[PDB]
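Colleague: File model-v3.cif follows (mmCIF, C-alpha atoms; chains and numbers go by the auth columns):
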```cif
data_coords
loop_
_atom_site.group_PDB
_atom_site.id
_atom_site.type_symbol
_atom_site.label_atom_id
_atom_site.label_comp_id
_atom_site.label_asym_id
_atom_site.label_seq_id
_atom_site.Cartn_x
_atom_site.Cartn_y
_atom_site.Cartn_z
_atom_site.B_iso_or_equiv
_atom_site.auth_seq_id
_atom_site.auth_asym_id
ATOM 1 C CA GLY A 1 93.237 103.206 48.684 0.00 23 A
ATOM 2 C CA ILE A 2 94.529 99.823 49.833 0.00 24 A
ATOM 3 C CA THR A 3 98.234 99.171 49.198 0.00 25 A
ATOM 4 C CA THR A 4 97.981 95.530 48.101 0.00 26 A
ATOM 5 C CA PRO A 5 96.249 93.530 45.299 0.00 27 A
ATOM 6 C CA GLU A 6 93.874 90.578 45.635 0.00 28 A
ATOM 7 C CA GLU A 7 96.010 87.731 47.002 0.00 29 A
ATOM 8 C CA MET A 8 95.915 84.075 48.036 0.00 30 A
ATOM 9 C CA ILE A 9 97.220 83.058 51.453 0.00 31 A
ATOM 10 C CA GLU A 10 97.855 79.365 52.074 0.00 32 A
ATOM 11 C CA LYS A 11 98.287 78.232 55.690 0.00 33 A
ATOM 12 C CA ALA A 12 98.075 75.041 57.729 0.00 34 A
ATOM 13 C CA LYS A 13 95.441 74.048 60.268 0.00 35 A
ATOM 14 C CA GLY A 14 96.220 75.457 63.689 0.00 36 A
ATOM 15 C CA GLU A 15 98.515 78.193 62.400 0.00 37 A
ATOM 16 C CA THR A 16 97.595 81.873 62.438 0.00 38 A
ATOM 17 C CA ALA A 17 96.856 83.796 59.255 0.00 39 A
ATOM 18 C CA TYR A 18 97.845 87.424 58.816 0.00 40 A
ATOM 19 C CA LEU A 19 95.479 89.163 56.399 0.00 41 A
ATOM 20 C CA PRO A 20 97.184 92.419 55.347 0.00 42 A
ATOM 21 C CA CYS A 21 95.098 95.464 54.524 0.00 43 A
ATOM 22 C CA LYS A 22 97.047 98.728 54.582 0.00 44 A
ATOM 23 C CA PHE A 23 95.605 101.896 53.074 0.00 45 A
ATOM 24 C CA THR A 24 96.476 105.477 52.271 0.00 46 A
ATOM 25 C CA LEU A 25 94.047 108.354 52.746 0.00 47 A
ATOM 26 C CA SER A 26 93.438 111.248 50.360 0.00 48 A
ATOM 27 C CA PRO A 27 92.926 114.876 51.453 0.00 49 A
ATOM 28 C CA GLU A 28 89.416 114.646 50.014 0.00 50 A
ATOM 29 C CA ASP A 29 88.474 111.689 52.209 0.00 51 A
ATOM 30 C CA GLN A 30 87.031 113.901 54.937 0.00 52 A
ATOM 31 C CA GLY A 31 84.209 111.624 56.008 0.00 53 A
ATOM 32 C CA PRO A 32 84.351 109.305 59.072 0.00 54 A
ATOM 33 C CA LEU A 33 86.501 106.173 58.780 0.00 55 A
ATOM 34 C CA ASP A 34 84.873 102.749 58.460 0.00 56 A
ATOM 35 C CA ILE A 35 86.656 99.456 58.250 0.00 57 A
ATOM 36 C CA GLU A 36 84.660 96.311 57.588 0.00 58 A
ATOM 37 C CA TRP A 37 85.886 92.781 56.976 0.00 59 A
ATOM 38 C CA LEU A 38 83.496 90.303 55.384 0.00 60 A
ATOM 39 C CA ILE A 39 83.784 86.636 54.517 0.00 61 A
ATOM 40 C CA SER A 40 82.287 84.224 52.024 0.00 62 A
ATOM 41 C CA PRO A 41 82.894 80.751 53.500 0.00 63 A
ATOM 42 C CA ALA A 42 83.735 77.969 51.106 0.00 64 A
ATOM 43 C CA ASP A 43 81.899 75.324 53.137 0.00 65 A
ATOM 44 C CA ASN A 44 78.482 77.017 52.977 0.00 66 A
ATOM 45 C CA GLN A 45 76.480 79.341 50.742 0.00 67 A
ATOM 46 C CA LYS A 46 76.637 82.522 52.816 0.00 68 A
ATOM 47 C CA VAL A 47 78.385 85.456 51.157 0.00 69 A
ATOM 48 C CA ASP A 48 79.712 88.779 52.441 0.00 70 A
ATOM 49 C CA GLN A 49 79.321 87.872 56.128 0.00 71 A
ATOM 50 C CA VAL A 50 80.419 90.592 58.555 0.00 72 A
ATOM 51 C CA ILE A 51 83.428 89.418 60.578 0.00 73 A
ATOM 52 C CA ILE A 52 84.794 92.462 62.369 0.00 74 A
ATOM 53 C CA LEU A 53 84.125 96.182 62.178 0.00 75 A
ATOM 54 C CA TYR A 54 85.717 99.521 63.044 0.00 76 A
ATOM 55 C CA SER A 55 83.066 102.254 63.115 0.00 77 A
ATOM 56 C CA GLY A 56 82.787 105.460 65.097 0.00 78 A
ATOM 57 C CA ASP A 57 86.244 104.943 66.583 0.00 79 A
ATOM 58 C CA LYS A 58 85.206 101.592 68.055 0.00 80 A
ATOM 59 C CA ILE A 59 85.837 97.948 67.263 0.00 81 A
ATOM 60 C CA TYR A 60 82.898 95.592 66.856 0.00 82 A
ATOM 61 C CA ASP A 61 83.405 91.866 66.638 0.00 83 A
ATOM 62 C CA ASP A 62 81.261 88.863 67.429 0.00 84 A
ATOM 63 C CA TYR A 63 79.365 88.851 64.115 0.00 85 A
ATOM 64 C CA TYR A 64 80.494 85.568 62.618 0.00 86 A
ATOM 65 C CA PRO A 65 80.010 82.926 65.376 0.00 87 A
ATOM 66 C CA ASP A 66 82.345 80.267 63.950 0.00 88 A
ATOM 67 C CA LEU A 67 85.168 82.786 64.013 0.00 89 A
ATOM 68 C CA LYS A 68 84.556 84.041 67.549 0.00 90 A
ATOM 69 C CA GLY A 69 87.611 85.188 69.480 0.00 91 A
ATOM 70 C CA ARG A 70 89.987 84.263 66.663 0.00 92 A
ATOM 71 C CA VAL A 71 89.911 87.600 64.803 0.00 93 A
ATOM 72 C CA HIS A 72 91.602 90.850 65.807 0.00 94 A
ATOM 73 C CA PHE A 73 93.083 93.847 64.026 0.00 95 A
ATOM 74 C CA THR A 74 96.852 93.533 64.048 0.00 96 A
ATOM 75 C CA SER A 75 97.644 97.252 64.313 0.00 97 A
ATOM 76 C CA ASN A 76 97.104 99.267 67.484 0.00 98 A
ATOM 77 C CA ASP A 77 96.429 102.347 65.364 0.00 99 A
ATOM 78 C CA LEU A 78 94.033 101.645 62.483 0.00 100 A
ATOM 79 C CA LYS A 79 93.618 105.300 61.552 0.00 101 A
ATOM 80 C CA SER A 80 97.326 105.359 60.710 0.00 102 A
ATOM 81 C CA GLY A 81 96.490 103.247 57.675 0.00 103 A
ATOM 82 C CA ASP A 82 96.507 99.592 58.697 0.00 104 A
ATOM 83 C CA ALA A 83 93.317 97.526 58.770 0.00 105 A
ATOM 84 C CA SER A 84 95.129 94.171 58.806 0.00 106 A
ATOM 85 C CA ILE A 85 93.718 91.356 60.937 0.00 107 A
ATOM 86 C CA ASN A 86 94.802 87.957 62.246 0.00 108 A
ATOM 87 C CA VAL A 87 92.770 84.775 62.195 0.00 109 A
ATOM 88 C CA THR A 88 94.197 82.553 64.910 0.00 110 A
ATOM 89 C CA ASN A 89 94.161 78.753 65.114 0.00 111 A
ATOM 90 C CA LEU A 90 92.950 78.293 61.533 0.00 112 A
ATOM 91 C CA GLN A 91 90.478 75.495 60.842 0.00 113 A
ATOM 92 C CA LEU A 92 89.402 74.000 57.530 0.00 114 A
ATOM 93 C CA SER A 93 86.106 75.845 58.017 0.00 115 A
ATOM 94 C CA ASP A 94 87.942 79.169 57.729 0.00 116 A
ATOM 95 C CA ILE A 95 88.549 78.639 54.020 0.00 117 A
ATOM 96 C CA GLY A 96 86.934 81.260 51.822 0.00 118 A
ATOM 97 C CA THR A 97 87.301 84.749 50.450 0.00 119 A
ATOM 98 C CA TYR A 98 87.933 87.447 53.041 0.00 120 A
ATOM 99 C CA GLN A 99 87.304 91.020 51.998 0.00 121 A
ATOM 100 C CA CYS A 100 88.683 94.221 53.489 0.00 122 A
ATOM 101 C CA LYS A 101 86.661 97.425 52.951 0.00 123 A
ATOM 102 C CA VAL A 102 88.246 100.751 53.940 0.00 124 A
ATOM 103 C CA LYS A 103 86.008 103.819 53.598 0.00 125 A
ATOM 104 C CA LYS A 104 86.515 107.570 54.153 0.00 126 A
ATOM 105 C CA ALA A 105 83.838 109.389 52.119 0.00 127 A
ATOM 106 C CA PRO A 106 84.133 110.027 49.236 0.00 128 A
ATOM 107 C CA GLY A 107 86.935 107.483 49.424 0.00 129 A
ATOM 108 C CA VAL A 108 86.379 103.750 49.231 0.00 130 A
ATOM 109 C CA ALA A 109 88.625 100.741 48.709 0.00 131 A
ATOM 110 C CA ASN A 110 88.478 96.985 49.124 0.00 132 A
ATOM 111 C CA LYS A 111 90.788 94.000 48.861 0.00 133 A
ATOM 112 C CA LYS A 112 90.001 90.320 48.534 0.00 134 A
ATOM 113 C CA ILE A 113 92.084 87.592 50.089 0.00 135 A
ATOM 114 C CA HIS A 114 91.518 83.974 49.243 0.00 136 A
ATOM 115 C CA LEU A 115 92.548 82.043 52.343 0.00 137 A
ATOM 116 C CA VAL A 116 93.289 78.330 52.026 0.00 138 A
ATOM 117 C CA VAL A 117 93.796 76.050 55.025 0.00 139 A
ATOM 118 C CA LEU A 118 95.505 72.674 54.689 0.00 140 A
ATOM 119 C CA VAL A 119 95.206 69.791 57.182 0.00 141 A
ATOM 120 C CA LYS A 120 98.965 69.592 57.507 0.00 142 A
ATOM 121 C CA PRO A 121 101.737 71.875 56.210 0.00 143 A
ATOM 122 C CA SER A 122 102.716 71.931 52.512 0.00 144 A
ATOM 123 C CA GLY A 123 102.073 74.021 49.419 0.00 145 A
ATOM 124 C CA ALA A 124 105.625 72.708 49.218 0.00 146 A
#
```
Let's see the structure in the file written out as structure tokens.

Modeller:
Amino acid sequence: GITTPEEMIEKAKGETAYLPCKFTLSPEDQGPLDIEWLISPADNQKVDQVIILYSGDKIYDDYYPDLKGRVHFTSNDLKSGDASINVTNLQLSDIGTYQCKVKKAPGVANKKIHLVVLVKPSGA
């Protein structure tokens, strides 16, 4: 499963947000590894929008237009147990719940991060 609970990350416009998603695999989890990150924007009604994906040993991005080029996995070895990603140059539009799904049949886990972006620094 994923090593961290549902959390809230508060950043400032322009900064970069690090969305942690580390996981441990069980001996039973013998199926192929899939890592999907979805987002439910606060500004609109869309829910569970695909942001980035790791399937069949390949990375697939370019799903959520407004987030183009600003999302990348942080680790250079996902299989090792780290699905974390970075959202660079945060904008107020990036506010919403980001979800990390890590699957290895029969294994499945997910984590929800509520990202908040503030015009200028301070959560004081």

Colleague: Point out the residue among A:30, A:113, A:37, A:119 with the least atom-to-atom distance to residue 73 of chain A, counting all atoms listed in the file.

Modeller: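 Counting all atoms listed in the file, the residue closest to residue 73 of chain A is A:119.
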
Colleague: Compare A:52, A:77, A:71, A:110 by their minimum atom-to-atom distance to residue 90 of chain A, counting only C-alpha atoms, and give me the closest one.

Modeller: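 Looking at the shortest contact to residue 90 of chain A, the residue is A:110.
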
Colleague: Report, as lines of an AutoDock Vina configuration file, the centre and edge lengths in Å (one decimal) of the axis-aligned box enclosing every listed atom of segment 114-131 of chain A, padded by 8 Å on each side.

Modeller:
```
center_x = 86.6
center_y = 92.0
center_z = 53.4
size_x = 21.6
size_y = 52.0
size_z = 25.3
```

Colleague: Measuring atom to atom with all atoms listed in the file, identify which of A:129, A:48, A:63, A:139 is nearest to residue 36 of chain A.

Modeller: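 Nearest to residue 36 of chain A: A:139.
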
Colleague: Find the residue from A:138, A:75, A:112, A:61 that sits nearest to residue 94 of chain A; use only C-alpha atoms when measuring.

Modeller: A:75

Colleague: Between A:104, A:83, A:88, A:65, which one has atoms that come closest to residue 42 of chain A, using only C-alpha atoms?

Modeller: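 The answer is A:104, which sits nearest to residue 42 of chain A.
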
Colleague: For atom CA of residue 111 of chain A and atom CA of residue 142 of chain A, determine how far apart the two atoms are, in Å to one decimal place.

Modeller: 12.8 Å

Colleague: Could you check the closest approach to residue 23 of chain A for each of A:126, A:98, A:74, A:114 and tell me which residue wins, using only C-alpha atoms?

Modeller: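 Closest to residue 23 of chain A, using only C-alpha atoms: A:126.
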
Colleague: Using the chain letters and numbers from this file, what does the PyMOL selection byres ((chain A and resi 40) around 10) select? Give the answer as an mmCIF file with C-alpha atoms, in the coordinates of the input.

Modeller:
```
data_model
loop_
_atom_site.group_PDB
_atom_site.id
_atom_site.type_symbol
_atom_site.label_atom_id
_atom_site.label_comp_id
_atom_site.auth_asym_id
_atom_site.auth_seq_id
_atom_site.Cartn_x
_atom_site.Cartn_y
_atom_site.Cartn_z
ATOM 1 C CA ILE A 31 97.220 83.058 51.453
ATOM 2 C CA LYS A 33 98.287 78.232 55.690
ATOM 3 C CA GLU A 37 98.515 78.193 62.400
ATOM 4 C CA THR A 38 97.595 81.873 62.438
ATOM 5 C CA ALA A 39 96.856 83.796 59.255
ATOM 6 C CA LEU A 41 95.479 89.163 56.399
ATOM 7 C CA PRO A 42 97.184 92.419 55.347
ATOM 8 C CA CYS A 43 95.098 95.464 54.524
ATOM 9 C CA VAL A 93 89.911 87.600 64.803
ATOM 10 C CA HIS A 94 91.602 90.850 65.807
ATOM 11 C CA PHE A 95 93.083 93.847 64.026
ATOM 12 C CA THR A 96 96.852 93.533 64.048
ATOM 13 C CA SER A 106 95.129 94.171 58.806
ATOM 14 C CA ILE A 107 93.718 91.356 60.937
ATOM 15 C CA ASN A 108 94.802 87.957 62.246
ATOM 16 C CA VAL A 109 92.770 84.775 62.195
ATOM 17 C CA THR A 110 94.197 82.553 64.910
ATOM 18 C CA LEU A 137 92.548 82.043 52.343
#
```

Colleague: Near residue 62 of chain A, within 6 Å and counting all atoms listed in the file, which residues show up once chain neighbours fewer than 3 positions away are dropped, as a count of residues only?

Modeller: 5

Colleague: Please, what distance in Å, to one decimal, runs between atom CA of residue 25 of chain A and atom CA of residue 125 of chain A?

Modeller: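 Taking atom CA of residue 25 of chain A as the start and atom CA of residue 125 of chain A as the end point, the length is 13.8 Å.
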
Colleague: In Å, with one decimal, what is the gap from atom CA of residue 120 of chain A to atom CA of residue 135 of chain A?

Modeller: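 Between atom CA of residue 120 of chain A and atom CA of residue 135 of chain A the gap works out to 5.1 Å.
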
Colleague: With only C-alpha atoms as the counted atoms, please give the residues lying no more than 12 Å from residue 131 of chain A, apart from itself and same-chain residues fewer than 4 positions off, as an MDAnalysis selection string.

Modeller: chainID A and resid 23:28 43:48 51 55:59 105 121:127

Colleague: Model the absent atoms of segment 87-99 of chain A so that N, CA, C and O atoms are present, and write the result as a PDB file, in the coordinates of the input.

Modeller:
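Here's the written file out03.pdb:
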```
ATOM      1  N   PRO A  87      79.836  83.871  64.269  1.00  0.00           N
ATOM      2  CA  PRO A  87      80.010  82.926  65.376  1.00  0.00           C
ATOM      3  C   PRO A  87      81.192  81.965  65.260  1.00  0.00           C
ATOM      4  O   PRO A  87      82.030  81.897  66.165  1.00  0.00           O
ATOM      5  N   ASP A  88      81.266  81.232  64.151  1.00  0.00           N
ATOM      6  CA  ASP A  88      82.345  80.267  63.950  1.00  0.00           C
ATOM      7  C   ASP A  88      83.750  80.847  64.016  1.00  0.00           C
ATOM      8  O   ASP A  88      84.727  80.106  64.092  1.00  0.00           O
ATOM      9  N   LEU A  89      83.859  82.165  64.003  1.00  0.00           N
ATOM     10  CA  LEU A  89      85.168  82.786  64.013  1.00  0.00           C
ATOM     11  C   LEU A  89      85.400  83.553  65.309  1.00  0.00           C
ATOM     12  O   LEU A  89      86.383  84.276  65.451  1.00  0.00           O
ATOM     13  N   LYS A  90      84.493  83.366  66.260  1.00  0.00           N
ATOM     14  CA  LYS A  90      84.556  84.041  67.549  1.00  0.00           C
ATOM     15  C   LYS A  90      85.887  83.960  68.291  1.00  0.00           C
ATOM     16  O   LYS A  90      86.458  82.883  68.458  1.00  0.00           O
ATOM     17  N   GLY A  91      86.368  85.118  68.735  1.00  0.00           N
ATOM     18  CA  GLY A  91      87.611  85.188  69.480  1.00  0.00           C
ATOM     19  C   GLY A  91      88.894  84.882  68.732  1.00  0.00           C
ATOM     20  O   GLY A  91      89.974  84.928  69.318  1.00  0.00           O
ATOM     21  N   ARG A  92      88.796  84.579  67.444  1.00  0.00           N
ATOM     22  CA  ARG A  92      89.987  84.263  66.663  1.00  0.00           C
ATOM     23  C   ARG A  92      90.334  85.354  65.640  1.00  0.00           C
ATOM     24  O   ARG A  92      91.207  85.164  64.788  1.00  0.00           O
ATOM     25  N   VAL A  93      89.660  86.499  65.728  1.00  0.00           N
ATOM     26  CA  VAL A  93      89.911  87.600  64.803  1.00  0.00           C
ATOM     27  C   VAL A  93      90.186  88.891  65.547  1.00  0.00           C
ATOM     28  O   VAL A  93      89.445  89.252  66.457  1.00  0.00           O
ATOM     29  N   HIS A  94      91.257  89.582  65.170  1.00  0.00           N
ATOM     30  CA  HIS A  94      91.602  90.850  65.807  1.00  0.00           C
ATOM     31  C   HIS A  94      92.419  91.685  64.835  1.00  0.00           C
ATOM     32  O   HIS A  94      93.172  91.134  64.029  1.00  0.00           O
ATOM     33  N   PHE A  95      92.271  93.007  64.892  1.00  0.00           N
ATOM     34  CA  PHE A  95      93.083  93.847  64.026  1.00  0.00           C
ATOM     35  C   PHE A  95      94.502  93.701  64.548  1.00  0.00           C
ATOM     36  O   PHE A  95      94.718  93.593  65.752  1.00  0.00           O
ATOM     37  N   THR A  96      95.468  93.690  63.646  1.00  0.00           N
ATOM     38  CA  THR A  96      96.852  93.533  64.048  1.00  0.00           C
ATOM     39  C   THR A  96      97.459  94.839  64.555  1.00  0.00           C
ATOM     40  O   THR A  96      98.220  94.838  65.516  1.00  0.00           O
ATOM     41  N   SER A  97      97.111  95.951  63.918  1.00  0.00           N
ATOM     42  CA  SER A  97      97.644  97.252  64.313  1.00  0.00           C
ATOM     43  C   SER A  97      96.940  97.821  65.530  1.00  0.00           C
ATOM     44  O   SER A  97      95.772  97.530  65.776  1.00  0.00           O
ATOM     45  N   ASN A  98      97.662  98.637  66.290  1.00  0.00           N
ATOM     46  CA  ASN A  98      97.104  99.267  67.484  1.00  0.00           C
ATOM     47  C   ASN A  98      96.725 100.705  67.142  1.00  0.00           C
ATOM     48  O   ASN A  98      96.404 101.507  68.019  1.00  0.00           O
ATOM     49  N   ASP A  99      96.768 101.018  65.851  1.00  0.00           N
ATOM     50  CA  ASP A  99      96.429 102.347  65.364  1.00  0.00           C
ATOM     51  C   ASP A  99      95.905 102.198  63.937  1.00  0.00           C
ATOM     52  O   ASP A  99      96.644 102.400  62.975  1.00  0.00           O
TER      53      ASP A  99
END
```
